[PDB]
Amino acid sequence: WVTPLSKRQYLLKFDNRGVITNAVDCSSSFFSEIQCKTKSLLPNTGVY
Amino acid sequence: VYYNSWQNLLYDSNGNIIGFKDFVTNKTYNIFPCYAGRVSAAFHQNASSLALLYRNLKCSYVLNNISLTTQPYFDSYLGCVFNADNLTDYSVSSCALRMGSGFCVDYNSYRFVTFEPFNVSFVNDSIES
Amino acid sequence: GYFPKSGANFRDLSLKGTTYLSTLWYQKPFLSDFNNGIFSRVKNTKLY
Amino acid sequence: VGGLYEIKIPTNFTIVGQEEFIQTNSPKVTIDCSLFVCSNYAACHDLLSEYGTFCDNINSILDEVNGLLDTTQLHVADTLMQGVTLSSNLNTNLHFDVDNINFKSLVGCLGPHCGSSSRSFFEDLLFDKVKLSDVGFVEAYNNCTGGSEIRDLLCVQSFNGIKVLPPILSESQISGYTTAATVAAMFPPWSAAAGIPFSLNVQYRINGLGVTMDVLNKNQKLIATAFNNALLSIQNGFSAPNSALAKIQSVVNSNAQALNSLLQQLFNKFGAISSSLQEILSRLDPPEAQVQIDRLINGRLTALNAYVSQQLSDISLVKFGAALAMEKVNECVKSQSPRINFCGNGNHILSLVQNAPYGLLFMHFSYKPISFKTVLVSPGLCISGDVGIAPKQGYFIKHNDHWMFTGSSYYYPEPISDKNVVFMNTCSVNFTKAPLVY
Amino acid sequence: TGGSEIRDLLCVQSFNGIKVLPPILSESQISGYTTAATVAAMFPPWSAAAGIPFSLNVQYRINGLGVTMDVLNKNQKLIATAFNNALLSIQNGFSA
Amino acid sequence: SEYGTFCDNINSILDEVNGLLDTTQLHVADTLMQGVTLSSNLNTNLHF
Amino acid sequence: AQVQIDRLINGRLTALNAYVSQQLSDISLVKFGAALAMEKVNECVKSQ
Ligand SMILES: CC(=O)N[C@H]1[C@H]([C@H](O)[C@H](O)COC(C)=O)O[C@@](O[C@H](CO)[C@@H](O)[C@@H]2O[C@@](O)(C(=O)O)C[C@H](O)[C@H]2NC(C)=O)(C(=O)O)C[C@@H]1O
Ligand SMILES: *[C@@H]1O[C@H](CO)[C@@H](O[C@@H]2O[C@H](CO)[C@@H](O[C@@H]3O[C@H](CO)[C@@H](O)[C@H](O)[C@@H]3O)[C@H](O)[C@H]2NC(C)=O)[C@H](O)[C@H]1NC(C)=O
Ligand SMILES: *[C@@H]1O[C@H](CO)[C@@H](O[C@@H]2O[C@H](CO)[C@@H](O)[C@H](O)[C@H]2NC(C)=O)[C@H](O)[C@H]1NC(C)=O
Ligand SMILES: *[C@@H]1O[C@H](CO)[C@@H](O[C@@H]2O[C@H](CO)[C@@H](O)[C@H](O)[C@H]2NC(C)=O)[C@H](O)[C@H]1NC(C)=O
Ligand SMILES: *[C@@H]1O[C@H](CO)[C@@H](O)[C@H](O)[C@H]1NC(C)=O
Ligand SMILES: *[C@@H]1O[C@H](CO)[C@@H](O)[C@H](O)[C@H]1NC(C)=O
Ligand SMILES: *[C@@H]1O[C@H](CO)[C@@H](O)[C@H](O)[C@H]1NC(C)=O
Ligand SMILES: *[C@@H]1O[C@H](CO)[C@@H](O)[C@H](O)[C@H]1NC(C)=O
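Protein chains in written order, with PDB author numbering: chain A, 257 to 304; chain B, 641 to 748, 765 to 785; chain C, 65 to 112; chain D, 786 to 1223; chain E, 930 to 1025; chain F, 834 to 881; chain G, 1074 to 1121.
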């Protein structure tokens, strides 16, 4: 399986042992934008 | 335990270095900032010196790691106090040099005393019917 | 960094033959533009 | 129908308690502008000195703001202590309940022989749910030189010149003042309770709502038990997602958020090659390092001016809140002003005050109807020689085919008399005709 | 987005990221609440008018100023007419 | 983006301000409705 | 273009901070006005 790379901004989450457990492509979707704005994988309940 | 074979530097979320692994010895260290802080100096126009408060520092730390001085000192609730007599048993109803938490510097030398601006009026009458 | 676009597609570019080679296997869309780069997900085919 | 209207009058009641936190104070933030803008770097302190007074202006505004907070805290404590007279025989270790009403949880240690233990059980229960009170900040900063592996943001803020100072009066002193103001209603001379016993003051306040005294002075045990049950319900209510406790935590959270945003301003580049003075001064010599450092100085000084302008705006709201809290201490706790919804909602009986992190917590007690009777009432009668009468805090009712009075807040038919009547030399139109009365 | 030739400044502000949002309660809801608070004085149980008919509340309030009850309950029609004339004077005074 | 938190601060202060307005409008409406009891027989098309 | 755009960014961010500081000041007066209006509803309309 092959997909193109490009220069993009990601949110990255590192666990307590330094493994990347999750990531978010900030411009990929509206929910991805809320996640990057709040720097969290599960944003608080609210209107953004 | 987190340093893999290609990794030697530990970073925080802001991009400060907060730890490292030494390339020669493989020993691992956390890095902490050196202490930085102010001195709260109380001054009275009728005095020739300052009363100094090192907020939240114990006097052993001030003397060992910041500076030695000839002035008398004690550990108050607010931190190490220099050049003032520990008199928190004494109390004053007005205070020009308010330090916090009901403590005041008073000047005759300086005294470190409690600030109690308000009293209850007392009567010796019976509570009971 | 150089990251995939989330919600874009991978393409499965692997080809398995037995004897004959198709001349179409050596043209677009198989021959592909590299641009900045590629991300690959590769199955390790564990035979016995 | 005829001269009468259908009204629901209460046939039974209880006392309900409602909490109200009012903010009267805020964390005294102090900034060292020189340490915040330039850290330890001499090449930056040089350039910052060519900006002249900007750090002096930042320090002067924050010293004015913190002086306004200190003056406000003194004026609140003065308001609590105003007029309070206590017996020197009073000993809260033995004297804690009267007339079947229990105040043990609202009263701390009284007098200096017990030390800083003057916080009440109610105030203890409220303070234990808030980490960053005044003593909470003093302990957090005491731990910054403890060598702990825990990287507290309060330590990082303080080492960057952002620190919260303690208030001029400790919360233990304020808790002593709220304790003294509370016991001033409990025992003679009753200096906070209009000079009468607390239970009689409660009874007269309920009677003032339109409840006959005859039910009150026979139900006195039921009223006292309703009162202390309401107080227990207020205490238990802090274990739930309480709106007052939420408001108190929001004061700490909004402060911690503002300080955290001000610390994060140190890591912005503001179009310079780096946000670190260490990196600039290890990459460039003075002629170009000056150009980069000057961008950081403008960014950081702009962030301080923005934070100062927000702080001035917020402390205007803290002064407004403290002025309201002093007005409630005067007109709900120390006395009962004739203002309807001022001391909380509904039929307000009486109010009490306790200390709280950065404010005061008021308990408002209200007369709450439990059940109702629909009855036919007359707002007035025309009697004898067309003399008019109107009911005081009540209604005229037909009972047993006879005209009788009842209070408006509790159904209890009692005979019509000059004690419960307003006279008029002429009766109005649509007053019910009753020639047989008086 | 109506395609009009009119260049409204509010549209230019919104396209430059400056926009006024509606309040969480509509002014229609608030006008419902002020209507409810007004009729609460008209009819039993008179919950906003101290638990008595509005005209009696008006009469007692005037009496409290130092006016004898005799002239008030004799002139009730004149008082009601003065009251609704004052209300009309406010409404008409919005046209000035 | 090299000015970092500046736009985040502007948005955060305006969201606080607008939340103060919303909370104030609720407290005013609560004050209007407090204690109001009406008859279900009431119909303003006939009683005015 | 960077040197010019950075002057526009500083001008426009300075204008937003000024407008924000004015808006905070105005909303303090709106809260004061609303507190007075609630006091008049309670002490003039619902009671005397
Ligand atoms: C790229 C692609 O399309 N890949 C497929 C492949 C080709 O389409 C085919 O090679 C093209 O051929 C041209 C270009 O002419 O077909 C495969 O499947 C075959 C049937 O389609 C397979 O079963 C074979 O069947 C036989 O009848 C025969 O000779 O094709 C006997 C042979 O022994 C047997 N191969 C074995 C044993 O692996 C394969 O493998 O080759 C599966 C692959 O995924
Ligand atoms: C009227 O005067 C009497 C006598 O002075 C008062 O009675 C006393 O009231 C207290 C409650 O405030 C009683 O305390 C109770 O004691 C028992 C244990 O005996 C305990 O289980 C209860 O929880 C409570 O603490 C006290 O016993 C009682 N004393 C007497 C001699 O009756 C009364 O309070 C005064 N006021 C009124 C309105 O009646
Ligand atoms: C420090 O750690 C490195 C990395 O593990 C050690 O270097 C490796 O040592 C092993 C065992 O001798 C070799 O097989 C590897 O080839 C070495 N190199 C690398 C890159 O892995 C090194 O010996 C350690 N030194 C000390 C003093 O502890
Ligand atoms: C500062 O002075 C106060 C007042 O004299 C000291 O507090 C007393 O300390 C003794 C010994 O621990 C106790 O028995 C008293 O009960 C304390 N009194 C109070 C009011 O707390 C205090 O210990 C002195 N501190 C220093 C460092 O000198
Ligand atoms: C308060 O009480 C103490 C102890 O009796 C006394 O020393 C002090 O002078 C009093 N101050 C005032 C203002 O009453
Ligand atoms: C109360 O104080 C006065 C004045 O010192 C004294 O005359 C009186 O005897 C005292 N009474 C008691 C019970 O202490
Ligand atoms: C009033 O209500 C309480 C609680 O429901 C009940 O215990 C009491 O008996 C009631 N009294 C009357 C007179 O209804
Ligand atoms: C301060 O440090 C001591 C010792 O590590 C610890 O017991 C205490 O809970 C700490 N308090 C705070 C507020 O960090």
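Just so you know, even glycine gets a beta-carbon here, dropped at the ideal spot from N, CA and C.
query	result
Cutting at 7 Å between CB atoms, please list the residues of its own chain near D:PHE983, excluding the five before and the five after it.	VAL883, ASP884, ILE886, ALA970, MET971
DSSP state of B:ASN726, grouped into three classes?	strand
Between D:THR1211 and chain E, is any beta-carbon pair separated by less than 7 Å?	yes
Please identify the residue among D:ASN1185, D:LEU1166, D:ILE991 whose C-alpha is closest to the C-alpha of D:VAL801.	D:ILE991
For C:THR87 and C:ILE102, what's the separation of their Cα atoms in angstroms?	24 Å
Measuring only the C-alpha atoms, how far is E:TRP975 from G:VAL1114?	16 Å
For D:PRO812, which option in D:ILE792, D:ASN825, D:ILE1065, D:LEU939 has the closest C-alpha, if you only look at C-alpha atoms?	D:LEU939
Under 7 Å between C-beta atoms, does D:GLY1106 make it to chain G?	no
7 Å is my cut-off, CB to CB: does D:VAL915 come that close to chain B?	no
On the three-state DSSP scale, how would you describe G:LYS1113?	helix
Could you spell out the range, first to last residue, of the beta strand (DSSP E) harbouring B:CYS744?	743-747
Note down, in chain order, every chain G residue with its Cβ under 7 Å from the Cβ of F:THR864.	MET1111, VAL1114, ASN1115
Using a Cβ-Cβ cut-off of 7 Å, state whether A:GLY274 counts as contacting chain B.	yes
Is D:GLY1129 closer than 7 Å to D:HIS1149 when the C-beta atoms are compared?	yes
How many Å lie between D:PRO1142 and D:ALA1107 at the Cα?	13 Å
Below 9 Å on C-beta distance, what does D:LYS793 contact in chain E?	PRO974
Out of curiosity, what's the CA-to-CA distance linking G:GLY1084 and D:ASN1038?	32 Å
Sort D:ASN1126, D:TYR1223, D:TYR790 by Cα distance to F:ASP863 and report the nearest one.	D:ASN1126
Who pairs with B:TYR766 in a beta bridge, going by DSSP?	B:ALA724, B:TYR747
Would the segment 260-273 of chain A count as touching the segment 92-108 of chain C if we require 3 or more Cβ pairs under 8 Å?	yes
Quick check on the burial criterion: 16 or more other C-beta atoms within 10 angstroms. Buried or exposed for E:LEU950?	exposed
Please tell me whether, using a cut-off of 6 Å, the distance from the CB of D:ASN945 to the nearest non-hydrogen atom of ligand 3 is below it.	no
Can you name the residues of chain G whose CB is closer than 8 Å to the CB of E:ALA1009?	What E:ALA1009 touches in chain G: nothing, since even the nearest Cβ is about 19 Å away.
Alpha carbon to alpha carbon, how far is A:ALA279 from E:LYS948?	33 Å
Measuring only the C-alpha atoms, how far is F:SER873 from D:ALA1009?	36 Å
Report yes or no: is there a C-beta of chain D within less than 7 Å of the C-beta of G:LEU1097?	yes
Name the DSSP beta bridge partners of A:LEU261, please?	C:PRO68
Taking C-alpha atoms, which residue in D:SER1067, D:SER1035, D:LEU1081, D:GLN1075 lies nearest to residue 1225 of chain D?	Given a span of 786 to 1223 for chain D in the structure shown, any question on residue 1225 of chain D remains unanswerable.
Using a Cβ-Cβ cut-off of less than 8 Å, list which residues of the segment 1117-1130 of chain D approach chain G; keep chain order.	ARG1124, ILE1125, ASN1126, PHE1127
Is the Cβ of F:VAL869 closer than 7 Å to any Cβ of chain E?	yes
What are the uninterrupted segments assigned as alpha helix (DSSP H) that are 4 or more residues long and contained completely in the segment 951-1015 of chain D, given in chain order?	956-968, 983-992, 998-1001
Since D:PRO1198 and D:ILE1182 should fall inside the 8 Å C-beta cutoff, what is the C-beta to C-beta distance between them, to a whole number of angstroms?	6 Å
Near D:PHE806, which residues of its chain fall below 7 Å by C-beta distance, leaving aside the five closest residues on each side in sequence?	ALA1029, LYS1032, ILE1033, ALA1141, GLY1144, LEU1146
Tell me, please, whether the CB atom of D:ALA1091 is closer than 7 Å to any CB atom in chain G?	yes
What does D:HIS1184 pair with, by DSSP beta-bridge criteria?	D:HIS1187
With C-beta atoms as the reference, is D:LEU954 less than 7 Å away from D:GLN808?	no
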